[PDB]
Structures are given as C-alpha cells and as structure tokens.
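Asks: Turn this into a model:
(chains A, B, C and D, ligands or ions: 2)
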Amino acid sequence: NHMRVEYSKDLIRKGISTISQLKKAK
Amino acid sequence: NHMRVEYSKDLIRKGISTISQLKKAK
Amino acid sequence: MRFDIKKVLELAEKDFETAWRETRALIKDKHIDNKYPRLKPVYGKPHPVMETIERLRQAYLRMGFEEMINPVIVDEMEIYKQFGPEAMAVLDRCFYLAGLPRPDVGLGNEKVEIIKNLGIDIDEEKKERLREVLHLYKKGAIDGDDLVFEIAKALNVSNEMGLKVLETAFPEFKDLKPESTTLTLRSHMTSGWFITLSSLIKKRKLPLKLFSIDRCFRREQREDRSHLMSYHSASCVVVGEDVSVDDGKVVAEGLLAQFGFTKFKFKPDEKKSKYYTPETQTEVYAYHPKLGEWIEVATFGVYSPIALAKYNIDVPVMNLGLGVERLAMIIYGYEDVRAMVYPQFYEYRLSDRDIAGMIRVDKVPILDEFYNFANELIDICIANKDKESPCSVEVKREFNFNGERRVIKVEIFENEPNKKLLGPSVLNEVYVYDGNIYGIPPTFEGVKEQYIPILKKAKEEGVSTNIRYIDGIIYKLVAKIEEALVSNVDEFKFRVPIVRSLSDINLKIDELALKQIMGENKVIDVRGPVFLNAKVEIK
Amino acid sequence: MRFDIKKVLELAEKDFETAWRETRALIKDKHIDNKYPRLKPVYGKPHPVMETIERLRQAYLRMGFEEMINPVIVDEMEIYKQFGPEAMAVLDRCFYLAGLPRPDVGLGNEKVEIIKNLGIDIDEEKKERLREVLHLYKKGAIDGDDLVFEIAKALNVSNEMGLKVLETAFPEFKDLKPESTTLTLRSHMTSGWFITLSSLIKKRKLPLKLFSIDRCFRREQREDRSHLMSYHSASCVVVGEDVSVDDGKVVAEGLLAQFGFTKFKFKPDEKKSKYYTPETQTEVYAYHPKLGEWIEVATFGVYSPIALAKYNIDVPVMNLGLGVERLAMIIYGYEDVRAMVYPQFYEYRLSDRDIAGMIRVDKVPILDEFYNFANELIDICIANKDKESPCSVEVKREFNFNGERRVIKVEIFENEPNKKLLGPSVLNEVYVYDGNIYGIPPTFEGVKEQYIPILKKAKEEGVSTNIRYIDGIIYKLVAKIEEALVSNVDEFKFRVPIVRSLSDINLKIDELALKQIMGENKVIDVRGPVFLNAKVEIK
Ligand SMILES: Nc1ncnc2c1ncn2[C@@H]1O[C@H](COP(=O)(O)OP(=O)(O)OP(=O)(O)O)[C@@H](O)[C@H]1O
Ligand SMILES: Nc1ncnc2c1ncn2[C@@H]1O[C@H](COP(=O)(O)OP(=O)(O)OP(=O)(O)O)[C@@H](O)[C@H]1O
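Replies: Numbers count the residues shown, from 1 in each chain, chains lettered A, B, ... in the order given. Ligands and ions are numbered 1, 2, ... in the order given. See below for the structure:
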C-alpha cells in the first residue's frame, strides 16, 4: 500500500506533465 | 484517509478529463 | 526515504551541538490527518462482568479451591431431590427445556408435482433418494444443519434449490410445535453440585474445596436493576466431616477481602430453602456506594442431611454462591445490571477527546511537494500576519513534473490601508469542551466580555484539535493549486473574509459527532475575522 | 458505498433463494494487496521469561504465599552476617556498586576566555550565576540530568550552548573515575530475605509464607548455556516454629506440579553454603527433553540458626529459590538461555507463510473502474484460455471521466495456428515451500518428470500466495491502460511470451525475504509458457 500511494501520486504527476506539454504544443 | 484516497483518485480523473479535451481542442 | 547515517555522523562530529539542534529536520512531522488527537490509541477492551469473573476464578484459586464445571441441564427430579416437596413451588423459577419433533412426511404425487414445477427434473431415482433423506430425517439420522445439503444432494440440484424444495414442497415443517420435557436449566449451581458431589466423594480424599463460576437461569417476573433472566454464579462447596456455616463465613470474607472490601454484613435468609439445613441459609451484603444502599452479593449455607442422603453423601457440605453481576455492579459503579451487562442496547457518549478527534481537515494537497509547500506557506503567513497595509507577500517556486517545469507564484496580500496582512482571528485554534466546539483566539482582546470566561474555561479544561484557522485555510489554498494544475487553470484568486462555520476554515466533523452535538443541544461556534486575500499564478 | 437495504429486502421477498445466491455480489472481495496471505494478523507477543514469571507468581499465590519485594542493593556486611567467614570467598561472586565523584572545578580566567570565544556574552553576573551552578554541582545539589539546563539558564544561552560550554570549558569532567563502595547487588534472594524478615517477624503472626520473583546478579567466569550475569529468582521463605526441609520439598513439588511436571529429583548440594543449616541445602532437578539431560531448576534449605540469630530471628526458616530462566528453558524448549532471554541478538527466520505474504503484486490500477475492469478481464481470459487459434477476444468498454468519455478497446489474440489463446502456464499459482518459491501449474501435463514429485510436494505442503500468473499479468496490462490515459497515448501493444522470473508476471518480493532465500541458498523458480498478446486502443 505504501507503494500504491506513490504509484497514484505518479499518475497525478505524469498527468500534469502531459497537460503542460499539451499546452505548449498548442 | 479513505477520503484522501478518493481525493487523489479525483485528481487523476480530472487530469484525464483535461487531457481529453485538450486533445479534442487540437 | 530514510536519513543518511554518514552525513549525520560527519555533521555531528564537526560540532555536536549545532548538529543536535539541526538534525531535528530529519525527523519529519506527521501528516496533518494523523497528528494527535486525530490519531487514537487502539487496544482490546475487557467486559466488566467477564473481568470480574476472572478475578473471581483467581480469588478462589488463591484459597486452594479446585475448579469444576457442573452439569447445566438437570432433570426436574433432581430439584425434587434437593428441595423436597418445596420443589413443587420452586420449580416455577426454573426454565424447562422443550424441543420440536421430527416431521413425518412423505413424497407422493402432489409434492412431486411441486418439485417439477420448480424446474427440477426428477427421476424415479431422485424421487427415492429424497424419499430416504426424508426418512432419515424422521428417524433422527440427519441434523437440521444438514438437511438442505442432503436434499440438494438427493435431487442433484443447487444448495439454494435444496432449500427451495424444502420450503415449497414441505411447508408443514412450519407447523411443528415444541414439546416440553422433564429437563430444566439449573437456577443455581447447587443443582449441579449435588450431582457432581454424588459421584465424586467416593473417589476422593476429604476435605474437598471445589468451585465453579458459570451461568444459571431464572424465570423472574421481570428483569430488574439487579435481576436478569440469566446470571453468573461464583459458587463453591466445601466438603468435610467438620464443616459448618463458619466455613461459609470465611469463604465470603476471603472472596470479598481480595476485592478490597473491608466491610460486609451477614443476615438470616427468611426463605429457609429446604436444600439447606435449618437456620444455616445466610445472606451476605456488601455496600454499593453509588446506590447508597447495601446490596446482596452472596448466599451460603450447609446442605440438608436429607438432600445429601438422597445423593449418597454422608458428610456435611457448605455451599456459597456469589452473584458475579452484583459484585461487578459494586466494583464498576453501575446501578443497573441490564445496562452493565448489555451496554450495546444503551448509549455511547463521545468524550471531548472523542469529538476533538473527529474533526478532520477537508482538502489537503496529495503531492508531497505541495504539502510541504503548504506548511512553509503557513509559517510565512504566521510570520507576516502583522505587516501594516498595503501589504503583499510573494512566494515564487518552481515545481518539476517529469519533463516540464511550472512556476507557481502565490501572492498573499492586503490592498486596503490601515489594516494588517491577516486579521485578528487568523491564529484561532479549535477546541472541544463540554460537548461544544469553540474556535478560540490566543488572546481575548476585542472579545465580547460575556464570552471571555467561557472561552477561557474551554481553553483551560477543553481538548484541542491542535488546528488553527490558518492551517486549514492554507491547506485548502494549496490543494486548490493542485486542482488547478490538473485542471489546466493558470490563475485564480482565493479569499477568506470572515469565518462563520467549520467549513469556512476547511474543516469538517464526523457525522456521528454532529448527531450528538445536536442531540445534546450544544454549539459549534467557530467565527472570526480572518481577512486573507491571495492570488495564484501558474506559469 | 454500502448496499440498499430496501432493494435487498424486496429482492429477497420475491424469491429468497435466487436472492441469497445473487446477493453475493454485494460483498466485495478485498483489494489484491490485502487478500490472504498478504493480510497478516497483528497481536501482542509475550516473552517466555516474563510469561514464566507471571505463571510463577500465580503458582506461589495459589499456595497461599504473600508476595514481597526485598532490597536489591545490600551492604557487604549483610553477606558477612549471612555467610559468616565464607563471605570472604563468596563475595567474589557479587557485584560491588561504584560511582563517580562530583568534580570540584572553578571558573576563570582561562575558562572565561573559552566561554567568550564560544560566542557567549558573559557579564560578571552571568559569571557568578555559573560559578554557583558549579558549586551546587560539587555539593551534590544538582542532578546530572539537570546540569546542561542549569548552565544554559545561568548564562542565558541555548540549551545546546549549555552543553557546548560544559564539554569545552570543563573537559576535566571526563577525568572522573568511579570509586567503589561497600554496597553490592544481591546474588540471590536470601541476601534480601534476611533483612526483610529481621524487620518483619516481630510485627506479624507466624507462620509466614512469603515470596518474591525478582532480579539477582552474579559475577561469573562467563555466561553459559545456562548462566547469565543477571537472572530471575522465584524465591520464597516459610517461617515457623516447626519448619523443616520438608517444607522445601513440598514447595518445590507444588511449584513444579502446577507447570505440568510429574517427575523431579532431589540431590544434596555439595557446597553446603554456610547460610544454610548443615545438610539441609538441597538441589532440585527437572528433566529437559530437548537437551536430553536433567537440569537444576531450584535450590532450597533451612537458614542457619547462626545467621538467623545475627538478624534477631529465633525461629527456623526454609528458603527456596527457583531459577526462572531454567524453568523457562525446559518449558519452551530452548537449549541456550542467552538465546531465549535475548533473542534479538540472534536470527529471525521467515516461515513459508511469512515469505508467501511478502510476495506482492507490483503494478495495479489505481482507479476502482479499471481495477474491476481488470478483474473482469482476468475472468474473460480464464474463460477463453483454450480457444482454438487463430483466436481473438475483444472487450470494448466506455469510461467516463467527468465531461469526456473515452472508449477502451482491449483485444487479446493469437494469430498463429495450431495454438490456443493463452498457453499451458497461464493458470500457474505461486507457492512457497521449504524456503523456496515455485510457480506451479494445476496439472503436471508436460512437466519434466524429476520435477513432478517436488512440485507435487510443494503444492501439497507449501503455502500459496493465491496469485496465478494471469492475475499479475492482467493487473499489469490494465495498469498500463491507466498509465496510457494520463500519458496521452492512444494505442499500445502488450505481450507476455515465456515467463522467467517473478518480475515477468508483475510480482516482486520483499527484500528481507530475498536476503533469506539467497542466504539459505534456495530457489525462486517461476517459469512457464504463457503466450499472451494484447493490443489496446483508446478512442
Ligand atoms: N436474577 C438474578 N440475577 C442476578 N443474580 C442473581 C439472580 N438471582 C439470584 N442471583 C444471585 O444469586 C444469589 C441467591 O439468590 P436468591 O434468590 O437467594 O436471592 P434474591 O436476590 O431474592 O433472588 P430472587 O429474588 O430471584 O429469589 C444472590 O446473592 C444473587 O447474588
Ligand atoms: N547465572 C545464573 N543464571 C541463571 N540462573 C542462575 C544463575 N546462577 C544461579 N542461578 C539459579 O539459582 C539457583 C542456585 O544457584 P547455585 O549457585 O546454587 O547453582 P549453580 O547452577 O552451580 O550456580 P553457580 O554457577 O553460581 O555455582 C539455581 O537453581 C539456578 O536456578
């Protein structure tokens, strides 16, 4: 579970990465 | 904490929302 | 991620004192969610009646008594043996045991039809298999437990349909009525002691000191503050050529002494029950402080030579029985056995500590980065709460999310003159006292003076949540930064003018605690001027 | 959330059996993370020596003995009183107590300069405040605990600077050497018993039966399989005009009987220690099964009228002392006290179950939606594992994320002919047996034949993780779908050909279990052909 929490935080951060680069692509 | 777990899941989902509509913008 | 032993040893070896002070930063504080008092202890909790039972086993064991288990179920004739003719009256208090018969049912075509209409394909073979299952059930060879299983097995259908066949094709099972027997439940340990002693005396060297602490059942008119349909007797017998009531007196004293009692009273029992030698049946009283009155904890006496004779016992026997629940009532200060024994059917009030731990922070940032950012931000505000306006406090910080950098400029301000950055209530701390929730300021300037002695009392005697307004406010703000990043939002403003409710400072309360707060007619008073204006820009 | 009471009741009343069967879906299985055996019980674990101490308290209490605490520290002359002249030899075995003097040190001027060079501003006043703190420490009026505090307070500096001053300006503190006294630690309970009894006899009604179970210290050559520098004595004294050695025999029998022992032996103690009447010092032996040999559990005797006289006791006294650790060794089957008492300095081996619960699923989908999607997908594969190739199995499903819907087409296939959809190993289940990890197939078709009796034995005796290859594989796949969605990826392929390691089926093992598996030089054999091809499209 301690591992799970970090996986979900990982999903959040790469969602923010993808949003950022999808912004400066446009 | 179960409330936290659900909040983080919320952040993930809205990240996917924002990604999908940033896609159909382009 | 743990801390670097080598770096620590080196820092400490350069200058121990600086290192000792500085290394406090290596001990991370807990997540706000899990800080005391929201963090509760967890431990197993004994039941007062059972803890008293154990302490009683040990009071008996420490007097040399040998522990026994006696028959619980005894034939009525046992009661006639002990009580003599009086048993025709005493047997009123005892529960008789009854049980329903096995049904004699057959198959035959009306039922076969029902079973087919259920969707079940029945052979002649299946029909005979089930005919046997029903036979065996009549003849007592199948348990009730097992009958749905067997039926299913017979017809080669699912379990659940075995049950369906049972209730649909044979509903006459419901018409079975219980038939009583001659067997009863013991209404005191004595009803077992005789049986036990009758078998045991011949095999053993006297004197015997036996004890058992176990359930007994009475049919009372109704249940009392001090009477239940089923109670626990902490009973014993002393068997020997020389026993008299005095043995009962020392057993009662020795039992009560070990529990702290220095004071008890003996009193003749008007009943003179016939299983006791005349004039030996004695009542033992102990003082219940909360009730103010003296209460009956035990009874003792010497069995009647007539009853002993009918059990082939030729030597006197002293019996004492102490009611566990009574003693427990005295020990734990209950005034109602029903409420002590079965507290689940009564109420569970939440202490101030209980409620203070059910006040939670609503929105908090999920990412470690922003959580710490939040803490830092809190300390910044607490540091600049008194800046004279117009004020502003910028915090620019860049966050890395894999490839991309984003730069968050959080700006916290106050444009209008003659004020300060934050306001008089921003450091108010949430307390719980006497069922009430108060958001209280560290100092009472500007507080209406009616309120002050109350809030002073809550701050002194109440329990703190260790959360200040500013804490929940800022956690809310940074949580909104996170939300922003995930939502493709680059700018927003965030403001907290005057605080009116828990929600206003990003707190909430567990539903169970609210139900009580209301039911008990208490208040949730969190309010204060906390004028915090903030703008956030995300580049 | 929770389930609908109304809907359940209605469904049940339409048809109880269907309802009972169907209603199983309202009970969610646990997250794969928390399914047995990864779900471990948590309970407090007693220490054998301390449970034996409690059981001994109760064995003594149940014989009527009165529990006492005796002095631990006793002057050497106490031992001369009890042992007589022999104490000049016996005192070798006892620890003497020693202690540091207080230092006599003064302030100025070199020290004043050190303190100033530390960055501290010292008045004449501060200098006098500290001169006094040092005086008081010399005169014994300040505790060591408190000296850094007092220094800091004196100079009005931080706490740590207080310490800094202490160690820098007064390092002569380090030159203090401990000087011994006449005080010793008791090497057996007797050394206290005499002192206790000397004061107690005159106040009390005889006979007395006292006991104490408490620490004793001996200075021995070395620590043994059966000897420690500090042990626990379960000691007692019986005081009375008619006491003899037989009382010791009865106490030893009564203590050992309550622990289950039916056989023990007495044997004269060659030592004939002088605190015991001649020829009464007796050794008590009990049988240690694992060691095969008889071990000394206790010693008893009757105190010498000479020692008793020197303590003003004019009545015989029987002493018995049982070594708690010895008895414990017999009870719990340890062969080495040092390993029983201090098991932390030895090894903690992981059982098959311990290891089976340290095998975790690596990547699992975070969102409830996809987790359930995964489970369903697993069951789908398990349903079509034998589809004759060319095969394909499509699963199209729509997921809603606030505004936007996305449609996930996951397809798992097999192009090449003469195959099946999945392959012979997809249902292999990971077991742990005798320290080994084996991924084992449900049937041994095609398994090499040396291997079969081993895997059959592991499957029979070992502990299962209750994880099949397919489980971890599919959780990995769907986790990758989630990953895809946040990464802006619309298409990918995912394949698991032949499985070679735990990693290949998306599992990992806790490092502590690996360290042992390697250390014990055992295997992790997870292998099988599992040819799973999948494509996923995200529209
Ligand atoms: N219904 C009961 N519930 C709890 N304890 C009981 C009950 N009946 C008896 N006891 C215990 O057993 C002992 C003997 O009961 P006894 O009937 O002699 O007195 P009592 O209190 O007048 O009972 P009752 O009114 O039911 O006859 C009492 O000391 C009491 O401790
Ligand atoms: N070092 C020790 N560790 C544990 N138990 C001890 C120790 N020394 C003595 N005991 C206990 O105290 C009792 C008396 O000790 P005693 O010296 O008479 O016998 P021993 O085993 O030969 O000891 P020693 O090695 O000191 O001669 C023994 O029964 C033993 O239970």
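Asks: so how far is chain A from residue C:100?
Replies: Going from residue C:100 to chain A by C-beta to the nearest C-beta, to the nearest Å gives 51 Å. No exception for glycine: its C-beta is placed from N, CA and C like everyone else's.
Asks: Phi first, then psi, for that residue.
Replies: Per-residue torsions, residue C:100: phi -90, psi 140 (degrees, to the nearest 10).
Asks: show me the contacts for the nearest residue to it once chain neighbours are set aside.
Replies: Nearest non-adjacent residue to residue C:100, counting by C-beta to C-beta, 6 or more residues apart in numbering or on different chains: residue C:176, 4.3 Å away. Applying C-beta atoms under 8 Å, 6 or more residues apart in numbering or on different chains to residue C:176 gives the contacts C:100, C:101, C:103.
Asks: one more time with 10 Å, if that's ok
Replies: By C-beta atoms under 10 Å, 6 or more residues apart in numbering or on different chains, residue C:176 lies in contact with C:99, C:100, C:101, C:102, C:103.
Asks: Would you map the strands across chain A?
Replies: In chain A, no strands are found when defined by DSSP state E.
Asks: Around chain D, pick out the residues from it.
Replies: Within reach of chain D by C-beta under 10 Å from any C-beta of the partner chain, chain A has these residues: A:1, A:3-5, A:7-19, A:21-22, A:25.
Asks: To what extent is whichever residue of chain A sits closest to ligand 2 buried, counted in neighbours?
Replies: Closest residue of chain A to ligand 2, C-beta to the nearest ligand atom: residue A:2 (43.0 Å). Using other C-beta atoms under 10 Å in any protein chain shown, the number of residues around residue A:2 comes to 5.
Asks: Quick check: residue C:94 touching residue C:229?
Replies: No. Checked against C-beta atoms under 10 Å, the pair residue C:94 and residue C:229 is beyond contact range at 11.6 Å.
Asks: so what's in contact with those two at the same time?
Replies: Contact criterion C-beta under 10 Å, 6+ apart; residues shared by residue C:94 and residue C:229: C:217, C:218, C:219.
Asks: just checking, the first one touches residue C:72?
Replies: Yes. Look at residue C:217 against residue C:72 with C-beta under 10 Å: they come within range, at 8.6 Å.
Asks: Comparing the two, which residue is more hemmed in?
Replies: Applying other C-beta under 10 Å to residue C:217 and residue C:72 shows that residue C:217 carries more neighbours, namely 18 against 14.
Asks: For residue C:503, give me its contacts.
Replies: Counted by C-beta under 10 Å, 6+ apart, residue C:503 has contacts C:362, C:472, C:509, C:526.
Asks: distance of residue C:432 from chain B?
Replies: 21 Å.
Asks: Find the helix or strand that that residue is a member of.
Replies: Assigned by DSSP states H and E, residue C:432 falls within strand C:429-433.
Asks: same check, this time on residue C:497
Replies: Using DSSP H and E, residue C:497 maps to strand C:491-499.
Asks: Pull out the buried residues from that strand.
Replies: C:492, C:494, C:496, C:499 (16 or more other C-beta atoms under 10 Å in any protein chain shown).
Asks: Any part of the helix or strand following that strand near chain D?
Replies: Next helix or strand after strand C:491-499 toward the C-terminus (DSSP H and E): strand C:507-509. No. Strand C:507-509 lies out of reach of chain D by C-beta under 10 Å from any C-beta, never closer than 17.5 Å.
Asks: other SSEs contacting the helix or strand following strand C:507-509?
Replies: Later in the chain than strand C:507-509, the nearest helix or strand by DSSP H and E is helix C:511-519. Packing partners of helix C:511-519 (3 or more C-beta pairs under 10 Å, 6 or more residues apart in numbering or on different chains; DSSP states H and E): helix C:352-356, strand C:436-440, strand C:524-525.
Asks: ok, so of the shared contacts of residue C:94 and residue C:229, who is nearest ligand 2?
Replies: residue C:217 (50.1 Å).
Asks: Break down the stretch 151-300 of chain C into its helices, ranges please.
Replies: Using DSSP state H, counting those that start in this stretch, the helices of the stretch 151-300 of chain C run over residues C:159-169, C:190-200, C:245-257.
Asks: for the helix or strand harbouring residue C:484, the distance to its chain's centre please.
Replies: Residue C:484 belongs to helix C:469-487 when assigned by DSSP H and E. Taking C-alpha atoms, centre = their mean, to the nearest Å, one finds helix C:469-487 lying 38 Å from the centre of the chain it belongs to.
Asks: So which residues of chain A form helices?
Replies: A:2-25 (DSSP state H).
Asks: residues in it within reach of chain C, list them.
Replies: Residues of chain A found near chain C (C-beta under 10 Å from any C-beta) are A:5-6, A:8-10, A:12-24.
Asks: one more time with 7 Å, if that's ok
Replies: Residues of chain A lying near chain C by C-beta under 7 Å from any C-beta of the partner chain: A:9, A:12, A:13, A:14, A:15, A:16, A:17, A:19, A:20, A:21, A:23.
Asks: OK, contacts around the second one?
Replies: I take that to be residue A:12. Residues counted as contacts of residue A:12 (C-beta atoms under 7 Å, 6 or more residues apart in numbering or on different chains) are B:8, B:11, B:12, B:15, C:366, C:367.
Asks: top of these by neighbour count?
Replies: Among the contacts of residue A:12, the one with the most neighbours (other C-beta under 10 Å) is residue B:15, at 26 neighbours.
Asks: Quick check: nearest residue in space to it, chain neighbours excluded?
Replies: residue A:15 (3.1 Å).
Asks: Pull out the buried residues from stretch C:249-261.
Replies: Under the neighbour-count criterion of 16+ other C-beta under 10 Å, stretch C:249-261 has C:249, C:251, C:252, C:255, C:256, C:261 buried.
Asks: Single out the residue in the stretch 151-300 of chain C that lies closest to ligand 2.
Replies: Across the stretch 151-300 of chain C, no residue is closer to ligand 2 than residue C:258, which sits at 30.6 Å (C-beta to the nearest ligand atom).
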